[PDB]
Structure formats: structure tokens, C-alpha cells
Amino acid sequence: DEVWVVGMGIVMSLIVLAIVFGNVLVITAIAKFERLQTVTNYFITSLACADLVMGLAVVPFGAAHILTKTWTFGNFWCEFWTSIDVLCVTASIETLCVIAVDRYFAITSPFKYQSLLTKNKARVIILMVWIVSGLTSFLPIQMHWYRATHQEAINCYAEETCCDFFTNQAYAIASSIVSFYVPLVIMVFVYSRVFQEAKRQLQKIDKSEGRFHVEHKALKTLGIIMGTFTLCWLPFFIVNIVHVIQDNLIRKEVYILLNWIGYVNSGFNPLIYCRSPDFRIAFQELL
Ligand SMILES: CN[C@@H]1CCc2c(ccc(O)c2O)[C@H]1O
């Protein structure tokens, strides 16, 4: 009466369904209606594209790998799958930073905002983000610049039915730095400044109209924005650093679980970044 195959399969299918449904809905809502076509919504389009590619490509095959315990395809497909996984992850995480910086420049520089950011510059920014994402993903993995040296790694690399992730110290550290830490620092600085500006505005209003009845909301919005990202992706990169720093500190199952915890963050992005009333009207019209 085992339920391992049935129990995990249902949840794994449900995650794919949720990700694909949400991202397709967001993409078609932005594309079909001319009201929602805005410079800010291009970054949302890029993030939705990255998460949709993730949900269609990396999750279904990882599900088969976990359920079956063998890689029925060749080594070339294993390398391609690893490359596309890294590409999608880094592209999404960097697009989040781009959105944060966009909001920073919108709020802290109101008079000059319409000047420095034009619809032409957004295309260049998105192209640069995707190119940088592709440089760290396909170039090192496809040229065997990330491979390990120990006997277990060699045996895994020399077998067609095994597909496991083995990496050396330099690639792991560089990939973690490029993918996670710099965007995290930039987002922290940006959102701290935004919170300061909001508090200053509230204090300004209070002095002017305090007598008549005329920061919970800002704290709630910043918490919803930051806590989910931190909880989803912070645990994984710490163990990513440790497992090459320390040989036998961390088991493989913990690594896989913490990797899969970060995958579900793609299904939450429509809930966080697409709650605008215009988006709700568009969703009502489509469905
Ligand atoms: C096989 N899973 C990979 C392993 C390493 C890695 C991931 C994502 C982003 C990175 O920058 C990485 O270095 C994970 O998705």
C-alpha cells in the first residue's frame, strides 16, 4: 500500500499546472490589452517568460528523475537540462532586481523619471540581463569547465543512465555570487530607501493635517515582496557554498529538497506582482 509514486506525483503535477496557468494568463493578459502595455510591464513580461520556461522545461523532467531514480535519456540531454535550469533561475532572479531598481528610480527621482527611462532602454536592459544570464549558464557547463575531479564524479560522468550535479569550488562560488548575492544587496538598499521616503511622506502629511482625522501598509507590502524571495532562495545558496566548502556536512536529499523549495517561487510571482486593479479587470474580461 505504498503511496510514494502516487503521493508525490499529484503534488508535482499540481505545481506544474499552477505555474503554467498563472504565467500563461499573465502573458496573454499583457499582450491582448493595449491598456497594460507599459515600460514597467516589460520586466514583468520577461520574468513571466523565464518562469514559464522553467515550469515547462525543468520541473517535469526533474519529477521523472525523482520518481524513476534513473535518467532514461542521454548525457547530452542531462547537460542541456542543467544548463537551462541555471539559465532560467539566474534570469528570473536578476529580473526581480531590475524591477526593484525601476521602482527606486520611479520614487526617488520623480521629475526626471520620464526622461532617463524610455521604452527603448528597457529592451536593451532586458537583452543585457538575458545575455549575462546565458553567459554563466551555457558557456561553462557546455564546455566542461564546472566538472569535479573525485572518483564518484568521474563514475557519474562516465555513465549514460546517471545524471547528478557535481561541481568544483570556483564555479559554485562564482555562480552563487552572480545569481543571488549582488541582487539581494541591491534590493535591500533600494527597498530601505523606498521605505525611508514613504515614512517621510507620511510624517509630512501628519504635520499638515494632523488635527483633522483625515506605516502598516508599507511594511506589509515590503514584507510580502521580500520575505517570500528570501525564504524561497536563501536556504539553497548557503548549502550550495557549504557542500563544496565542507565535504560531508550535507546530504544529497537535503540539497534536492532545498533546490525544489526555490522552484515553487515561480508560481507565486503572479500573486505578488500582478494584483493591480487593471490586471484584475483584464483577468475578469479574459476568463
Ligand atoms: C542542478 N541545480 C542547480 C545547481 C546550481 C545552481 C542552480 C541555480 C542557480 C545557480 O547559480 C546555480 O549555481 C541550481 O538550479
# chains A, B, ... in the order shown; residues from 1 in each chain; ligands from 1
>>> residues_around(residues="segment 134-146 of chain A", least_positions_apart="6", cutoff="10 Å", atoms="only C-alpha atoms", output="list in words")
residues 76, 79, 80, 82, 83, 84, 85, 86, 87, 88, 89, 90, 91, 128, 165, 166, 167, 168, 169, 170, 171, 172, 174, 175, 178 and 179 of chain A
>>> residues_around(residues="residue 267 of chain A", least_positions_apart="2", cutoff="9 Å", atoms="only C-alpha atoms", output="ChimeraX atom specification")
/A:15-16,18-20,22-23,51,55,263-265,269-271
>>> select_by_dssp(residues="segment 44-256 of chain A", states="alpha helix (DSSP H)", output="PyMOL selection string")
chain A and resi 44-68+75-108+113-116+119-142+151-157+169-176+182-209+216-245+252-256
>>> residues_around(residues="residue 68 of chain A", least_positions_apart="4", cutoff="12 Å", atoms="only C-alpha atoms", output="compact mmCIF listing (two decimals) with N, CA and C atoms, in the first residue's frame")
# COMPACT_ATOMS: atom_id res chain seq x y z
N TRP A 4 4.29 6.38 -2.48
CA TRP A 4 5.37 7.28 -2.87
C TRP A 4 5.16 7.81 -4.29
N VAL A 5 4.87 6.92 -5.24
CA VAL A 5 4.70 7.35 -6.62
C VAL A 5 3.43 8.19 -6.77
N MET A 8 3.60 11.77 -4.37
CA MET A 8 4.42 12.87 -4.86
C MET A 8 4.01 13.29 -6.26
N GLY A 9 3.52 12.34 -7.07
CA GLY A 9 3.16 12.66 -8.44
C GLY A 9 2.05 13.69 -8.53
N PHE A 61 10.92 17.19 -16.04
CA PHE A 61 11.97 16.18 -16.17
C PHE A 61 12.61 15.87 -14.82
N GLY A 62 12.73 16.87 -13.95
CA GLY A 62 13.16 16.60 -12.59
C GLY A 62 12.20 15.70 -11.84
N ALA A 63 10.90 15.86 -12.10
CA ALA A 63 9.91 14.98 -11.50
C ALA A 63 10.12 13.54 -11.93
N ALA A 64 10.37 13.31 -13.22
CA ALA A 64 10.64 11.96 -13.70
C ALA A 64 11.92 11.41 -13.10
N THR A 72 16.64 8.10 -18.17
CA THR A 72 16.45 7.24 -19.34
C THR A 72 16.99 7.86 -20.62
N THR A 161 23.22 6.40 -17.76
CA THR A 161 21.96 6.32 -17.04
C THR A 161 21.98 7.10 -15.73
N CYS A 162 23.04 7.85 -15.45
CA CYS A 162 23.15 8.65 -14.24
C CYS A 162 23.28 10.12 -14.60
>>> closest_residue(among="A:273, A:233, A:105, A:111", to="ligand 1", atoms="only C-alpha atoms and all ligand atoms")
A:233
